[PDB]
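Below: start_19.pdb (PDB, C-alpha atoms)
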```
ATOM      1  CA  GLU A  49     -53.880  -3.048 -31.100
ATOM      2  CA  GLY A  50     -53.552  -5.218 -28.011
ATOM      3  CA  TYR A  51     -56.022  -4.447 -25.239
ATOM      4  CA  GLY A  52     -54.127  -6.155 -22.419
ATOM      5  CA  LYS A  53     -53.515  -4.283 -19.196
ATOM      6  CA  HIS A  54     -49.726  -4.509 -19.456
ATOM      7  CA  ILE A  55     -49.560  -3.982 -23.212
ATOM      8  CA  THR A  56     -47.057  -1.414 -24.410
ATOM      9  CA  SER A  57     -45.275  -1.048 -27.718
ATOM     10  CA  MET A  58     -41.703  -2.253 -27.891
ATOM     11  CA  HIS A  59     -38.951   0.153 -27.071
ATOM     12  CA  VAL A  60     -35.482  -1.058 -27.926
ATOM     13  CA  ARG A  61     -34.960  -3.390 -24.999
ATOM     14  CA  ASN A  62     -32.122  -5.646 -23.927
ATOM     15  CA  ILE A  63     -32.080  -6.607 -20.273
ATOM     16  CA  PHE A  64     -28.599  -8.105 -20.259
ATOM     17  CA  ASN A  65     -26.260  -5.712 -18.522
ATOM     18  CA  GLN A  66     -22.839  -4.376 -19.432
ATOM     19  CA  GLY A  67     -21.303  -5.157 -16.042
ATOM     20  CA  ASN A  68     -22.604  -2.149 -14.117
ATOM     21  CA  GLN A  69     -23.230  -4.354 -11.076
ATOM     22  CA  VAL A  70     -20.951  -4.048  -8.048
ATOM     23  CA  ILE A  71     -21.119  -6.140  -4.876
ATOM     24  CA  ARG A  72     -19.035  -4.046  -2.423
ATOM     25  CA  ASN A  73     -17.701  -6.931  -0.369
ATOM     26  CA  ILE A  74     -15.401  -6.555   2.612
ATOM     27  CA  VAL A  75     -12.716  -9.026   3.661
ATOM     28  CA  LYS A  76     -12.218  -8.952   7.408
ATOM     29  CA  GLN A  77      -9.611 -10.575   9.605
ATOM     30  CA  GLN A  78      -9.564 -10.099  13.370
ATOM     31  CA  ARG A  79      -6.839 -11.675  15.447
ATOM     32  CA  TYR A  80      -5.782 -11.673  19.092
ATOM     33  CA  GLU A  81      -2.128 -12.582  18.921
ATOM     34  CA  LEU A  82       1.134 -12.464  20.817
ATOM     35  CA  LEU A  83       4.017 -10.075  20.292
ATOM     36  CA  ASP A  84       6.987 -11.693  21.988
ATOM     37  CA  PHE A  85      10.263  -9.801  22.144
ATOM     38  CA  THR A  86      11.590 -12.147  24.835
ATOM     39  CA  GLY A  87      12.629 -15.266  22.993
ATOM     40  CA  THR A  88      15.730 -15.989  20.978
ATOM     41  CA  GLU A  89      13.741 -17.805  18.280
ATOM     42  CA  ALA A  90      13.174 -16.036  14.976
ATOM     43  CA  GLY A  91      10.521 -13.352  15.356
ATOM     44  CA  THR A  92      10.405 -13.635  19.129
ATOM     45  CA  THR A  93      13.571 -11.525  19.371
ATOM     46  CA  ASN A  94      13.908  -7.880  20.370
ATOM     47  CA  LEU A  95      13.765  -6.969  16.695
ATOM     48  CA  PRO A  96      10.751  -4.911  15.624
ATOM     49  CA  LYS A  97       7.780  -6.760  14.222
ATOM     50  CA  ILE A  98       6.787  -5.676  10.743
ATOM     51  CA  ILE A  99       3.254  -5.352   9.429
ATOM     52  CA  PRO A 100       3.477  -6.191   5.705
ATOM     53  CA  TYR A 101       0.314  -4.429   4.599
ATOM     54  CA  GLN A 102       2.049  -4.106   1.246
ATOM     55  CA  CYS A 103       1.921  -7.900   0.914
ATOM     56  CA  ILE A 104      -1.887  -7.959   1.022
ATOM     57  CA  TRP A 105      -2.013 -10.412   3.919
ATOM     58  CA  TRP A 106      -5.418  -8.875   4.590
ATOM     59  CA  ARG A 107      -6.427 -12.239   3.122
ATOM     60  CA  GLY A 108      -4.939 -13.669   6.303
ATOM     61  CA  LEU A 109      -2.449 -15.921   4.554
ATOM     62  CA  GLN A 110       0.011 -16.089   7.433
ATOM     63  CA  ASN A 111      -2.166 -18.954   8.643
ATOM     64  CA  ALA A 112      -4.737 -21.137   6.931
ATOM     65  CA  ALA A 113      -6.917 -21.371  10.038
ATOM     66  CA  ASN A 114      -7.808 -17.674  10.081
ATOM     67  CA  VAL A 115      -9.870 -17.884   6.898
ATOM     68  CA  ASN A 116     -13.338 -16.570   7.596
ATOM     69  CA  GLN A 117     -16.124 -16.567   5.066
ATOM     70  CA  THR A 118     -15.407 -13.051   3.847
ATOM     71  CA  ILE A 119     -12.539 -14.716   2.045
ATOM     72  CA  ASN A 120     -14.857 -17.508   0.975
ATOM     73  CA  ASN A 121     -17.026 -14.709  -0.376
ATOM     74  CA  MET A 122     -14.090 -13.049  -2.105
ATOM     75  CA  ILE A 123     -12.985 -16.409  -3.490
ATOM     76  CA  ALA A 124     -16.447 -16.814  -4.975
ATOM     77  CA  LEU A 125     -16.994 -13.289  -6.243
ATOM     78  CA  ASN A 126     -13.609 -13.357  -7.953
ATOM     79  CA  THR A 127     -15.038 -16.257  -9.953
ATOM     80  CA  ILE A 128     -17.948 -14.186 -11.236
ATOM     81  CA  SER A 129     -16.148 -10.834 -11.384
ATOM     82  CA  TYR A 130     -14.011  -9.557 -14.227
ATOM     83  CA  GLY A 131     -12.419  -6.873 -12.080
ATOM     84  CA  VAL A 132     -12.043  -5.389  -8.633
ATOM     85  CA  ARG A 133     -11.194  -2.055  -7.052
ATOM     86  CA  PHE A 134      -9.989  -1.887  -3.463
ATOM     87  CA  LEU A 135     -11.555   1.316  -2.198
ATOM     88  CA  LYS A 136     -10.417   1.235   1.444
ATOM     89  CA  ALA A 137      -8.211  -0.652   3.834
ATOM     90  CA  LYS A 138      -8.776  -0.306   7.564
ATOM     91  CA  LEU A 139      -6.149  -1.495  10.026
ATOM     92  CA  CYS A 140      -6.738  -1.267  13.754
ATOM     93  CA  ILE A 141      -4.356  -2.499  16.442
ATOM     94  CA  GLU A 142      -5.652  -2.864  19.975
ATOM     95  CA  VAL A 143      -3.363  -3.284  22.952
ATOM     96  CA  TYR A 144      -5.074  -5.272  25.673
ATOM     97  CA  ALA A 145      -2.177  -6.243  27.904
ATOM     98  CA  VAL A 146       1.491  -5.483  28.323
ATOM     99  CA  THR A 147       4.012  -7.847  29.852
ATOM    100  CA  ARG A 148       7.752  -8.139  30.347
ATOM    101  CA  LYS A 149      10.000 -10.879  31.652
ATOM    102  CA  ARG A 150      11.951  -9.776  34.693
ATOM    103  CA  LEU A 151      15.077 -11.745  35.480
ATOM    104  CA  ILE A 152      15.299 -13.488  38.847
ATOM    105  CA  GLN A 153      18.432 -15.121  40.248
ATOM    106  CA  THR A 154      18.302 -17.549  43.163
ATOM    107  CA  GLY A 155      20.592 -20.457  43.976
ATOM    108  CA  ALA A 156      22.041 -19.944  40.499
ATOM    109  CA  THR A 157      18.622 -20.842  39.094
ATOM    110  CA  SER A 158      18.409 -17.603  37.098
ATOM    111  CA  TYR A 159      14.767 -17.961  36.112
ATOM    112  CA  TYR A 160      12.372 -15.316  34.822
ATOM    113  CA  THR A 161       8.985 -13.883  35.684
ATOM    114  CA  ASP A 162       6.500 -11.571  34.027
ATOM    115  CA  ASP A 163       5.252  -8.172  35.155
ATOM    116  CA  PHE A 164       2.533  -5.866  33.905
ATOM    117  CA  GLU A 165       3.512  -2.416  32.695
ATOM    118  CA  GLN A 166       0.530  -0.087  32.579
ATOM    119  CA  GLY A 167       2.779   2.914  31.983
ATOM    120  CA  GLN A 168       4.686   1.658  28.973
ATOM    121  CA  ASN A 169       3.290   1.360  25.493
ATOM    122  CA  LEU A 170       3.412  -0.290  22.094
ATOM    123  CA  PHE A 171       5.453   1.748  19.638
ATOM    124  CA  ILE A 172       4.060   1.682  16.113
ATOM    125  CA  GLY A 173       6.863   2.696  13.824
ATOM    126  CA  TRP A 174       6.850   4.041  10.320
ATOM    127  CA  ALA A 175       9.738   4.054   7.882
ATOM    128  CA  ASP A 176       8.409   7.378   6.683
ATOM    129  CA  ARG A 177      11.903   8.887   6.614
ATOM    130  CA  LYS A 178      13.791   5.904   5.178
ATOM    131  CA  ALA A 179      13.671   3.409   2.335
ATOM    132  CA  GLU A 180      13.271  -0.149   3.572
ATOM    133  CA  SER A 181      12.019  -3.499   2.360
ATOM    134  CA  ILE A 182      10.376  -6.640   3.711
ATOM    135  CA  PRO A 183      11.898 -10.045   2.940
ATOM    136  CA  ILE A 184       9.216 -12.540   1.982
ATOM    137  CA  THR A 185       9.635 -16.278   1.484
ATOM    138  CA  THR A 186       6.440 -18.112   2.458
ATOM    139  CA  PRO A 187       2.985 -16.870   3.459
ATOM    140  CA  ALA A 188       3.883 -17.756   7.030
ATOM    141  CA  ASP A 189       6.403 -14.923   6.924
ATOM    142  CA  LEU A 190       3.452 -12.569   6.519
ATOM    143  CA  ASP A 191       2.718 -13.109  10.193
ATOM    144  CA  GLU A 192       3.249  -9.708  11.718
ATOM    145  CA  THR A 193       4.272 -11.373  14.963
ATOM    146  CA  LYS A 194       7.078 -13.555  13.673
ATOM    147  CA  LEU A 195       8.170 -11.203  10.886
ATOM    148  CA  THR A 196      11.474  -9.462  11.538
ATOM    149  CA  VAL A 197      14.489  -7.998   9.786
ATOM    150  CA  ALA A 198      17.961  -8.426  11.215
ATOM    151  CA  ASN A 199      19.807  -5.436  12.648
ATOM    152  CA  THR A 200      16.654  -3.327  12.423
ATOM    153  CA  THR A 201      15.222  -1.233  15.227
ATOM    154  CA  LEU A 202      13.007   1.757  15.817
ATOM    155  CA  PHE A 203      15.698   3.366  17.974
ATOM    156  CA  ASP A 204      19.057   4.432  16.586
ATOM    157  CA  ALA A 205      20.951   6.628  19.007
ATOM    158  CA  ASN A 206      22.883   8.219  16.158
ATOM    159  CA  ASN A 207      19.886   9.296  14.067
ATOM    160  CA  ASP A 208      16.270   8.455  14.853
ATOM    161  CA  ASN A 209      14.407   8.385  11.554
ATOM    162  CA  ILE A 210      11.297   6.484  12.588
ATOM    163  CA  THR A 211       7.969   8.168  13.083
ATOM    164  CA  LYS A 212       6.574   6.554  16.205
ATOM    165  CA  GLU A 213       3.145   6.423  17.801
ATOM    166  CA  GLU A 214       2.916   4.751  21.185
ATOM    167  CA  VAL A 215      -0.195   2.680  21.882
ATOM    168  CA  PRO A 216      -0.984   2.163  25.572
ATOM    169  CA  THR A 217      -2.897  -0.789  26.830
ATOM    170  CA  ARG A 218      -6.646  -0.240  26.671
ATOM    171  CA  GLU A 219      -6.066   1.924  23.610
ATOM    172  CA  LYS A 220      -6.294   1.231  19.884
ATOM    173  CA  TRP A 221      -4.514   2.526  16.798
ATOM    174  CA  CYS A 222      -6.598   2.643  13.630
ATOM    175  CA  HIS A 223      -4.957   3.601  10.347
ATOM    176  CA  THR A 224      -6.712   3.610   7.002
ATOM    177  CA  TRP A 225      -5.562   3.393   3.395
ATOM    178  CA  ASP A 226      -7.450   4.456   0.284
ATOM    179  CA  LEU A 227      -6.506   1.809  -2.242
ATOM    180  CA  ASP A 228      -8.441   2.936  -5.316
ATOM    181  CA  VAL A 229      -5.682   4.452  -7.413
ATOM    182  CA  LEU A 230      -7.179   3.586 -10.779
ATOM    183  CA  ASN A 231      -8.668   6.393 -12.818
ATOM    184  CA  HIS A 232     -10.145   6.078 -16.303
ATOM    185  CA  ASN A 233     -12.409   3.326 -14.976
ATOM    186  CA  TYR A 234      -9.757   0.606 -15.009
ATOM    187  CA  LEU A 235      -9.932  -2.205 -12.471
ATOM    188  CA  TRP A 236      -7.781  -4.839 -10.828
ATOM    189  CA  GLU A 237      -7.813  -8.417 -11.996
ATOM    190  CA  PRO A 238      -9.780 -10.639  -9.619
ATOM    191  CA  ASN A 239      -7.385 -12.339  -7.250
ATOM    192  CA  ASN A 240      -8.177 -14.760  -4.462
ATOM    193  CA  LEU A 241      -4.963 -13.488  -2.860
ATOM    194  CA  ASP A 242      -3.342 -16.883  -2.421
ATOM    195  CA  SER A 243       0.133 -15.456  -3.069
ATOM    196  CA  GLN A 244       2.285 -13.686  -0.510
ATOM    197  CA  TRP A 245       4.700 -12.214  -3.029
ATOM    198  CA  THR A 246       1.665 -10.514  -4.498
ATOM    199  CA  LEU A 247       1.311  -6.930  -3.341
ATOM    200  CA  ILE A 248      -1.152  -4.174  -2.597
ATOM    201  CA  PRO A 249      -2.559  -1.546  -4.961
ATOM    202  CA  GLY A 250      -0.814   1.758  -5.210
ATOM    203  CA  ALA A 251       2.168   2.778  -7.277
ATOM    204  CA  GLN A 252       5.599   2.532  -5.760
ATOM    205  CA  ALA A 253       7.710   3.181  -8.816
ATOM    206  CA  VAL A 254      10.473   1.111  -7.225
ATOM    207  CA  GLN A 255      10.768  -2.549  -8.106
ATOM    208  CA  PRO A 256      13.608  -4.988  -7.394
ATOM    209  CA  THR A 257      15.775  -5.700 -10.403
ATOM    210  CA  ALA A 258      16.057  -9.274  -9.133
ATOM    211  CA  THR A 259      12.259  -9.628  -9.410
ATOM    212  CA  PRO A 260      11.118  -7.356 -12.227
ATOM    213  CA  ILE A 261       7.448  -6.692 -11.590
ATOM    214  CA  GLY A 262       6.324  -4.952 -14.735
ATOM    215  CA  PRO A 263       4.444  -1.750 -15.357
ATOM    216  CA  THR A 264       1.637  -1.904 -12.827
ATOM    217  CA  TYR A 265       3.746   0.132 -10.382
ATOM    218  CA  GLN A 266       4.187   2.852 -12.998
ATOM    219  CA  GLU A 267       2.160   5.997 -12.509
ATOM    220  CA  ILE A 268       1.268   5.306 -16.148
ATOM    221  CA  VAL A 269       0.794   1.649 -16.995
ATOM    222  CA  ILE A 270       1.913   0.309 -20.358
ATOM    223  CA  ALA A 271       0.979  -3.352 -20.484
ATOM    224  CA  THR A 272      -0.399  -6.159 -22.605
ATOM    225  CA  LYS A 273      -2.644  -9.114 -21.860
ATOM    226  CA  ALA A 274      -3.106 -12.476 -23.511
ATOM    227  CA  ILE A 275      -6.908 -12.923 -23.590
ATOM    228  CA  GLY A 276      -6.158 -16.116 -25.492
ATOM    229  CA  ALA A 277      -3.733 -16.787 -28.299
ATOM    230  CA  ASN A 278      -5.880 -15.123 -30.960
ATOM    231  CA  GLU A 279      -6.227 -11.707 -29.310
ATOM    232  CA  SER A 280      -4.280  -9.350 -27.072
ATOM    233  CA  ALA A 281      -5.354  -6.412 -24.934
ATOM    234  CA  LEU A 282      -3.313  -3.256 -24.453
ATOM    235  CA  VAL A 283      -3.946  -2.026 -20.926
ATOM    236  CA  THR A 284      -3.012   1.605 -20.523
ATOM    237  CA  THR A 285      -3.895   3.835 -17.593
ATOM    238  CA  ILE A 286      -2.741   6.453 -15.134
ATOM    239  CA  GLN A 287      -2.635   5.654 -11.438
ATOM    240  CA  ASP A 288      -1.558   8.016  -8.694
ATOM    241  CA  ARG A 289       1.704   7.383  -6.908
ATOM    242  CA  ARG A 290       1.567   5.940  -3.427
ATOM    243  CA  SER A 291       4.206   5.434  -0.766
ATOM    244  CA  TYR A 292       3.755   2.713   1.847
ATOM    245  CA  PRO A 293       6.401   3.144   4.538
ATOM    246  CA  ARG A 294       7.306  -0.008   6.387
ATOM    247  CA  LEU A 295       5.001  -0.367   9.375
ATOM    248  CA  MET A 296       6.906  -1.739  12.348
ATOM    249  CA  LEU A 297       5.739  -2.719  15.808
ATOM    250  CA  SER A 298       8.244  -2.631  18.618
ATOM    251  CA  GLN A 299       8.737  -2.239  22.306
ATOM    252  CA  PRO A 300      10.708   0.595  23.810
ATOM    253  CA  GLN A 301      14.425  -0.044  23.978
ATOM    254  CA  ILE A 302      15.198  -0.153  27.688
ATOM    255  CA  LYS A 303      18.821  -0.749  28.495
ATOM    256  CA  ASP A 304      18.797  -3.149  31.417
ATOM    257  CA  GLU A 305      21.561  -4.561  33.567
ATOM    258  CA  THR A 306      21.439  -7.419  31.077
ATOM    259  CA  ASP A 307      20.557  -6.791  27.461
ATOM    260  CA  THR A 308      17.829  -4.370  26.655
ATOM    261  CA  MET A 309      14.802  -5.210  28.808
ATOM    262  CA  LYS A 310      12.285  -7.332  26.928
ATOM    263  CA  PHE A 311       8.523  -6.937  26.807
ATOM    264  CA  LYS A 312       5.680  -8.929  25.324
ATOM    265  CA  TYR A 313       2.282  -7.690  24.204
ATOM    266  CA  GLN A 314      -1.244  -8.966  23.649
ATOM    267  CA  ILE A 315      -3.007  -7.191  20.802
ATOM    268  CA  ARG A 316      -6.049  -7.655  18.608
ATOM    269  CA  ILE A 317      -5.235  -6.951  14.975
ATOM    270  CA  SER A 318      -8.414  -5.885  13.218
ATOM    271  CA  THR A 319      -8.197  -5.769   9.439
ATOM    272  CA  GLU A 320     -11.116  -5.063   7.118
ATOM    273  CA  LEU A 321     -10.216  -4.530   3.466
ATOM    274  CA  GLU A 322     -13.091  -3.146   1.420
ATOM    275  CA  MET A 323     -13.429  -4.425  -2.140
ATOM    276  CA  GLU A 324     -15.886  -3.559  -4.888
ATOM    277  CA  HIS A 325     -16.313  -6.543  -7.178
ATOM    278  CA  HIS A 326     -17.559  -5.671 -10.640
ATOM    279  CA  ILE A 327     -19.324  -8.860 -11.613
ATOM    280  CA  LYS A 328     -18.945 -10.373 -15.022
ATOM    281  CA  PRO A 329     -21.749  -9.309 -17.350
ATOM    282  CA  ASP A 330     -24.697 -11.479 -18.223
ATOM    283  CA  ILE A 331     -22.915 -12.360 -21.486
ATOM    284  CA  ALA A 332     -19.374 -13.629 -21.869
ATOM    285  CA  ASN A 333     -17.048 -10.776 -22.829
ATOM    286  CA  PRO A 334     -13.483 -11.980 -22.304
ATOM    287  CA  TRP A 335     -12.348  -8.672 -23.751
ATOM    288  CA  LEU A 336     -13.399  -6.848 -20.580
ATOM    289  CA  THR A 337      -9.818  -7.445 -19.490
ATOM    290  CA  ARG A 338      -9.005  -4.352 -21.537
ATOM    291  CA  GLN A 339     -10.142  -2.578 -18.376
ATOM    292  CA  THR A 340      -8.184  -4.807 -16.003
ATOM    293  CA  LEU A 341      -4.530  -4.908 -15.126
ATOM    294  CA  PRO A 342      -3.144  -7.544 -12.775
ATOM    295  CA  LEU A 343      -2.352  -6.905  -9.161
ATOM    296  CA  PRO A 344       1.295  -6.010  -8.613
ATOM    297  CA  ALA A 345       3.373  -9.027  -7.747
ATOM    298  CA  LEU A 346       7.032  -9.824  -7.333
ATOM    299  CA  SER A 347       7.960 -12.138 -10.196
ATOM    300  CA  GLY A 348      11.108 -14.222 -10.133
ATOM    301  CA  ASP A 349      12.612 -17.628  -9.598
ATOM    302  CA  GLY A 350      13.979 -16.739  -6.172
ATOM    303  CA  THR A 351      12.705 -18.254  -2.963
ATOM    304  CA  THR A 352      12.750 -14.817  -1.340
ATOM    305  CA  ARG A 353      11.156 -11.525  -2.282
ATOM    306  CA  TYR A 354      11.973  -7.966  -1.223
ATOM    307  CA  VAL A 355       8.970  -5.644  -1.360
ATOM    308  CA  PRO A 356       9.546  -1.892  -1.673
ATOM    309  CA  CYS A 357       8.284  -0.087   1.417
ATOM    310  CA  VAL A 358       9.229   3.269  -0.070
ATOM    311  CA  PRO A 359       8.330   5.805   2.598
ATOM    312  CA  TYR A 360       7.143   8.990   0.996
ATOM    313  CA  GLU A 361       6.508  11.181  -2.015
ATOM    314  CA  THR A 362       7.811  14.727  -2.169
ATOM    315  CA  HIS A 363       5.192  17.312  -3.059
ATOM    316  CA  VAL A 364       6.343  20.053  -5.430
ATOM    317  CA  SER A 365       4.568  23.378  -5.825
ATOM    318  CA  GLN A 366       2.769  23.854  -9.132
TER     319      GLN A 366
END
```

Rewrite the structure of this file - the entire thing - as structure tokens.
Amino acid sequence: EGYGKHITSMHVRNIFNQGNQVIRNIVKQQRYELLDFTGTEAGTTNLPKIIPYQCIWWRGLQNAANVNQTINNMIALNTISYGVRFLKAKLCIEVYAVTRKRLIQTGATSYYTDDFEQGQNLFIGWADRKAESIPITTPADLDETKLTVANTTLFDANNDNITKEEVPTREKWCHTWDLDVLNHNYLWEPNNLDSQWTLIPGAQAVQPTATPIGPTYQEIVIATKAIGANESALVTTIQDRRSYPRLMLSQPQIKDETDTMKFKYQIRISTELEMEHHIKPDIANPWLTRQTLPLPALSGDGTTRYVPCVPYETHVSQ
């Protein structure tokens, strides 16, 4: 018998883990940006300005210069992680200033000037009553400033469907999503989120026929995975339905002597998406993908992509 101080008989011991380790990263993006309803150019128009939180721009793809390190952390962790679960998403819009171009006419100059409105607000619209979609072409289109849809508005005199929440200056609007829909201990494939036509977790059973997504929107997923040419994994899980109504920013519609008085806003968009990275285990186990199903994405040859914004889910008594 060994007399050492630390001596103890061997219990069955293997230190290598099974993947129980979880890093709980957050990916933050914080942006002070312009909302311009004045101009005639693209997203500067009077049209509402969409927030495509379905398109998982939380990465901050709409520009390459907004990458912070939280991404650079996510990019790394996705290298060492077999799977991920997004357990929260926190969106907060601050309204610092409000501004509107007043029209001035002198000597047929017909120039403009800007005025502060402390009494008007920023209307945050929801599609919650209607079914709508977001056209997507390039990551740039994910910019919530310059993103628009033609002939769309938050104000329809015939029927007003939108659910609206007005944000004054010196006031913030913070909405939060719970993005862990995956029961039975399934996870999301690691993604560095370099694709705009990729989408957010949650099950909107709708998918465009022109861009068939596959099962991952189903409330029950029936899917397969390659895991090499020799093997295949059958990924099968339940995930709760989720409805992500189109989130639209807009000014009030003020009929003015000429054409619907225009405002412009200064806001700070604060986005922190919370991710739990389940790191790859100490030993290679490619078959862990049996627990992972890819992030939903719009697959197709087209240059443009229409994401379902589907507003809501009826609740039936049971």

Inset, instruction - May I have the residues within 9 Å of region 73-80 of chain A as number ranges by chain, using all atoms listed in the file and disregarding those fewer than 2 positions away in the same chain? - result: A: 70-71, 82, 106-108, 114-119, 121-122, 125, 142, 314-325

Legend entry - Nearest to residue 124 (chain A) by atom-to-atom distance, counting all atoms listed in the file, from A:333, A:239, A:284, A:62: A:239

Legend entry - Residue contacts of region 258-263 of chain A (12 Å, only C-alpha atoms) excluding same-chain residues fewer than 5 positions away, as a VMD selection string: chain A and resid 245 to 247 250 to 253 268 to 272 283 to 287 341 to 356

Evaluate the PyMOL selection byres ((chain A and resi 208) around 12) and report residues as an mmCIF file with C-alpha atoms, in the frame of the given file:
```cif
data_model
loop_
_atom_site.group_PDB
_atom_site.id
_atom_site.type_symbol
_atom_site.label_atom_id
_atom_site.label_comp_id
_atom_site.auth_asym_id
_atom_site.auth_seq_id
_atom_site.Cartn_x
_atom_site.Cartn_y
_atom_site.Cartn_z
ATOM 1 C CA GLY A 173 6.863 2.696 13.824
ATOM 2 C CA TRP A 174 6.850 4.041 10.320
ATOM 3 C CA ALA A 175 9.738 4.054 7.882
ATOM 4 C CA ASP A 176 8.409 7.378 6.683
ATOM 5 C CA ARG A 177 11.903 8.887 6.614
ATOM 6 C CA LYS A 178 13.791 5.904 5.178
ATOM 7 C CA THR A 201 15.222 -1.233 15.227
ATOM 8 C CA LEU A 202 13.007 1.757 15.817
ATOM 9 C CA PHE A 203 15.698 3.366 17.974
ATOM 10 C CA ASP A 204 19.057 4.432 16.586
ATOM 11 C CA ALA A 205 20.951 6.628 19.007
ATOM 12 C CA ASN A 206 22.883 8.219 16.158
ATOM 13 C CA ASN A 207 19.886 9.296 14.067
ATOM 14 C CA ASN A 209 14.407 8.385 11.554
ATOM 15 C CA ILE A 210 11.297 6.484 12.588
ATOM 16 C CA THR A 211 7.969 8.168 13.083
ATOM 17 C CA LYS A 212 6.574 6.554 16.205
#
```

Legend entry - Selection near residue 195 (chain A), 12 Å with only C-alpha atoms, sequence-local residues under 2 positions removed, as a ChimeraX atom specification: /A:83-85,89-100,110,182-193,197-198,200,295-298

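With all atoms listed in the file as the basis for measurement, A:129 is the residue among A:301, A:129, A:56, A:88 that approaches residue 329 (chain A) most closely.
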
Inset, instruction - Calculate how many Å separate CA of residue 111 (chain A) from CA of residue 137 (chain A), rounding to one decimal. - result: 19.9 Å

Inset, instruction - List the residues selected by the PyMOL selection byres ((chain A and resi 136) around 6) in the file shown, writing them as a ChimeraX atom specification. - result: /A:134-135,137,225-227,322

Explicit residues for the PyMOL selection byres ((chain A and resi 217) around 10) (as a PDB file with C-alpha atoms, in the coordinates of the input):
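Output (result.pdb):
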```pdb
ATOM      1  CA  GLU A 142      -5.652  -2.864  19.975  1.00  0.00           C
ATOM      2  CA  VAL A 143      -3.363  -3.284  22.952  1.00  0.00           C
ATOM      3  CA  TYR A 144      -5.074  -5.272  25.673  1.00  0.00           C
ATOM      4  CA  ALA A 145      -2.177  -6.243  27.904  1.00  0.00           C
ATOM      5  CA  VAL A 146       1.491  -5.483  28.323  1.00  0.00           C
ATOM      6  CA  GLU A 165       3.512  -2.416  32.695  1.00  0.00           C
ATOM      7  CA  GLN A 166       0.530  -0.087  32.579  1.00  0.00           C
ATOM      8  CA  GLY A 167       2.779   2.914  31.983  1.00  0.00           C
ATOM      9  CA  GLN A 168       4.686   1.658  28.973  1.00  0.00           C
ATOM     10  CA  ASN A 169       3.290   1.360  25.493  1.00  0.00           C
ATOM     11  CA  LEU A 170       3.412  -0.290  22.094  1.00  0.00           C
ATOM     12  CA  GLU A 214       2.916   4.751  21.185  1.00  0.00           C
ATOM     13  CA  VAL A 215      -0.195   2.680  21.882  1.00  0.00           C
ATOM     14  CA  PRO A 216      -0.984   2.163  25.572  1.00  0.00           C
ATOM     15  CA  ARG A 218      -6.646  -0.240  26.671  1.00  0.00           C
ATOM     16  CA  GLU A 219      -6.066   1.924  23.610  1.00  0.00           C
ATOM     17  CA  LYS A 220      -6.294   1.231  19.884  1.00  0.00           C
ATOM     18  CA  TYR A 313       2.282  -7.690  24.204  1.00  0.00           C
ATOM     19  CA  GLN A 314      -1.244  -8.966  23.649  1.00  0.00           C
ATOM     20  CA  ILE A 315      -3.007  -7.191  20.802  1.00  0.00           C
TER      21      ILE A 315
END
```

Size and centre in Å, one decimal, axis-aligned box, all listed region 205-223 of chain A atoms plus 4 Å per side, as AutoDock Vina command-line options:
```
--center_x 8.1 --center_y 4.3 --center_z 18.6 --size_x 37.5 --size_y 18.1 --size_z 24.5
```

Legend entry - Spatial neighbours of residue 179 (chain A), 7 Å, all atoms listed in the file, chain gap at least 5 places, as a count of residues only: 3
